[PDB]
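Single chain ahead, written as structure tokens, the form deposited in one PDB entry.
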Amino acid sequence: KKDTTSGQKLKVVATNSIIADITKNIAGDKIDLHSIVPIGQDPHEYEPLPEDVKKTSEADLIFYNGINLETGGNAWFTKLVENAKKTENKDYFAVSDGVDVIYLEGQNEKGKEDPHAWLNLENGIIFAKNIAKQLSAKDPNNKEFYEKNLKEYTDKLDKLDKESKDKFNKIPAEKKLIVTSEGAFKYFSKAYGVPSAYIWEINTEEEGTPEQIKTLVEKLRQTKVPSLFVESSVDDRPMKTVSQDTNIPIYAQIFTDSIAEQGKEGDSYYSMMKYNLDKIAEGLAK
């Protein structure tokens, strides 16, 4: 589509820092990249700022999660691309295309998917493949470079994934449960064999009401779970109350919907996943 050598770098927009980071690993300095949702902020419901609107409108390529991630705020991503006059599978692409979808509990229809596919490293590899292919389709002069970066990156994710299938077999069955504010661990639970439980299933619902806290506390009181976890991108008040009512300490802050701030541990898709795996493993062995 574009002969970037005879003009500007490809202009790329990613909806959140996880997709942006994977993108940076594939494209390097070949592109101009803008990420919309700030590090540490919820990507489910976001209100685009003037710079997001400008960059999205000037973009050659737009990557979003798809599978019911950016749909809060009465479909914020949908309104953004409508306003920027961009077309699906021409200008903007879901990087989850090709993952095996898991839906919200008791649901199975389109638009009711659980969006947290990247917490399974096999799906992070699928995100990178979609990104590299769409980068190469739009900027064919840099295809060998994107492909070389893709192979090195998926090899690195693949080694971490294989090695991480050994992580939780030592945890006693009564300790074996990941607890987070949002129910964002469905793909991770399936991939790494560790059940998960939450305060609220997906960020677009209610914010950690007293009923939701009480429901998790009562479930937790029937277990031997030694640690709780709190995500970097949600209010930690709900989990602190759960922690206080159950007497179970919050072992660590983890990463779900955002990478960590630049320079801190977890500041990339790879390192947030590596971090998550180790801290959950330590936390559940307490």
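So that there is no doubt, residue numbering starts at 1 and follows the sequence shown. Take the two forms, find the largest set of C-alpha atoms that superpose within 1.5 Å, and that set is the rigid core.
The form deposited in another entry exists for this protein as well; it is not shown, and the discussion that follows is about that form.
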Mover between this form and the one not shown (rigid core aligned, C-alpha >= 2 Å shift), picked from 146, 188, 77, 198, is 198
Exercise. Could you tell me whether the Cα atom of residue 28 shifts by at least 2 Å between this form and the one not shown after core superposition?
Key: no
Once you overlay the rigid core, does the Cα of residue 213 travel 2 Å or further between this form and the one not shown?
yes
Core superposed first: is there a CA shift of 2 Å or greater at residue 94 between this form and the one not shown? no
